[PDB]
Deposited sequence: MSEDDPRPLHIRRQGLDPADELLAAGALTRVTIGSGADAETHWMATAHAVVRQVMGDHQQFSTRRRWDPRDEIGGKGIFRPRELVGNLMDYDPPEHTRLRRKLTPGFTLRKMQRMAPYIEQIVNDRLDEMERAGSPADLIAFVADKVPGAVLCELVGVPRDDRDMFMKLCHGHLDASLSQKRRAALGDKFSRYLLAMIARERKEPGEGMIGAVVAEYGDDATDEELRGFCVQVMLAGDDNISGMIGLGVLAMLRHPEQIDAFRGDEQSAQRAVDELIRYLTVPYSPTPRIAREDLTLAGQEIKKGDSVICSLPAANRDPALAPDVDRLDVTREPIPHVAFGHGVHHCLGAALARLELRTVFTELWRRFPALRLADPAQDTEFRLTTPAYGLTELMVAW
């Protein structure tokens, strides 16, 4: 197998060989350090003074938070933060419920059995991001096409450049409308707070980064999440009670499934000794978030999904100053999807108990390509 250890999974778990990798070891044509222990990953990601983020990494946008470190990163994140406050996330909840129920309506109309990934997992995330950004409902299909299209390598140059011209024109008019009268969306929140200090280029950059950062991780979580819950049916009761129970179940699913294989690679800013290893200035460190969230020190049963467990402080959203800017949105979106899904389809089940599981192996986030369910 040519695939790097950190990208290997076995079912819903990290592959056995990744789970047996030491806390911090060398892996290889580039050679890097691979961190698998929870405390080592926390040390690497939390210490931005010794470990900077590799720039222009792909699992160049202006104001792409992942490219900078404090203080430059701190100023940029500060500027974007207004679009992600907890009070603003609370106000999104009804909109997110409506998006989810509109997709569950299309699935319901198609009839049992149906593919949950095509109807729900692959559609809800981008619609929630459009809602967050401030894109008008009737423009969302077009917006998703323009945004991903201007970055689609499989297209012809002519096609990709035309989509990019349209995307720019669309974004700039949206930005001008928000500056004139700020709305409740992300752009409006940034310009309401910082006005002209937030440049059009920064805003365009913030928009693209967010569209890219909150899509695959969420669709992977919706698909894998439903599959995990169906495999542990008694635990579905956590989505049939109070909000706190549902929130704890979402956090547990996020930890147990850890869809991102790794955060941005980190570069040693100088020589240092970590976990008994000699790290030299310039060395690259890849953090296996899935392995770190299965660290035996975290719990005797860290390898089991248990939505009622004493919560385990996981690294699936990262750690330190770059900790996922959309984490609260993600938790809310996921809780909404699962709560509404089981409210609508109480008898949800795999369409065929013996059906194969179709894993999504081509994306930076683990997930499913299809999931046939009955109800």
Deposited positions lacking CA coordinates: 1 to 4, 33 to 38, 70 to 82
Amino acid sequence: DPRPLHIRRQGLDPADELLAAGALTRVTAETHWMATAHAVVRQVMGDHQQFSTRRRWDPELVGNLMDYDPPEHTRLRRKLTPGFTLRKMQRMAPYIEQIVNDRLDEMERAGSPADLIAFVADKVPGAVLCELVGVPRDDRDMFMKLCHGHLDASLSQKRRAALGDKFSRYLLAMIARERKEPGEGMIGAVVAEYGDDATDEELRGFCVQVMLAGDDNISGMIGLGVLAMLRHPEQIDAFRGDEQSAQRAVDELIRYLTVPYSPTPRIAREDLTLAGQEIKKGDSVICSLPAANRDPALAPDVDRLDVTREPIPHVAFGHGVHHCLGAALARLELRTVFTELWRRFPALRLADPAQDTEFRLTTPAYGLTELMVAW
From here on, numbers count along this sequence of modelled residues.
Tell me which stretch, 219 to 227 or 257 to 265, has the higher mean Cα B-factor listed in the entry. 257 to 265
So 77 to 85 or 268 to 276, which one's hotter by mean CA B-factor in the entry? 268 to 276
The residue of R103, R240, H232, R91 with the maximal C-alpha B-factor according to the PDB record is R240
Per the deposited B-factor column, the C-alpha that peaks among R179, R248, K158, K123 belongs to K158
Going by the entry, which third of its chain does the Cα temperature factor of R56 land in? highest
Of the three thirds of Cα B-factor ranks in this chain, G11 occupies the middle
Where does the C-alpha B-factor of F317 rank in its chain, lowest, middle or highest third? lowest
Position of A374 among the chain's modelled residues by C-alpha B-factor, lowest, middle or highest third: middle
Position of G63 among the chain's modelled residues by C-alpha B-factor, lowest, middle or highest third: highest
